[PDB]
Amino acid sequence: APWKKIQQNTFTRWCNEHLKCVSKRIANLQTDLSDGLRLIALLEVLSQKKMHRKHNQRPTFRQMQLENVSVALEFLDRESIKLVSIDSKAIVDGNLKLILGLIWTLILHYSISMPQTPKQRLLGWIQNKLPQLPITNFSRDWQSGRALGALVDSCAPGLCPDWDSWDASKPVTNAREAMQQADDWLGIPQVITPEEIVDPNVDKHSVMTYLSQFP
């Protein structure tokens, strides 16, 4: 089923918004971080710093690749970023679930905490922007597309002035209007698509990733 690939899709676009700065790309999150080059580049963009150690520019062999990743994880520690049971080989060997967990950790830190739990903090920011709306979660509340219109308009009143009269039975249409307004006018990229964000089975962490760009 396609909703299972929403997290991977969303994390991949998020990663690519940052790798654009250093002219790099990820096509496949399972393979493309395994030599440690794109992971390191990503970290340098996110932290606006350089690594503490030299790495292997050309990690032709496995061992050089494990080294590269090990530099990256040492960096994460130096920066006091707590990693959830991740080792060099999990990344080099293409363990997708652990790789997704690593990226989620970077999103939480750099997109939510750095700019009470990260969830509570984002949720609270949104709640303050939308006092007339009982926001309690990062899935169902967002499914009609109307809360997105509300959020975009609170950020710049006049972008989606009529969100409140939007037809709740037009989720994709509502979401696209809101998200494209935020893209064109607030510079908020669509690291989740409108079709993905209103999915009955949308990954909440993916929704948080998208919304963490508003603050």
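Numbers for residues come from their place in the sequence shown, where the first is 1.
Per the record, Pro115 and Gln116 are separated by a gap of 10 or more residues from the deposited sequence that were not modelled. Set 116 to 124 against 78 to 86 and average the Cα temperature factors; 78 to 86 ends up higher.
Note on 171 to 179 vs 25 to 33: mean CA B-factor is higher in 25 to 33. Per-chain ranking of the deposited C-alpha B factor places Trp185 in the lowest third. Among the modelled residues of its chain, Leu133 has a C-alpha B-factor that falls in the highest third, as given in the PDB entry.
In this PDB entry, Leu66 carries a Cα temperature factor that places it within the middle third of its chain's modelled residues. Split the chain's modelled residues into thirds by C-alpha temperature factor. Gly145 is in the lowest one.
Split the chain's modelled residues into thirds by C-alpha temperature factor. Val92 is in the middle one.
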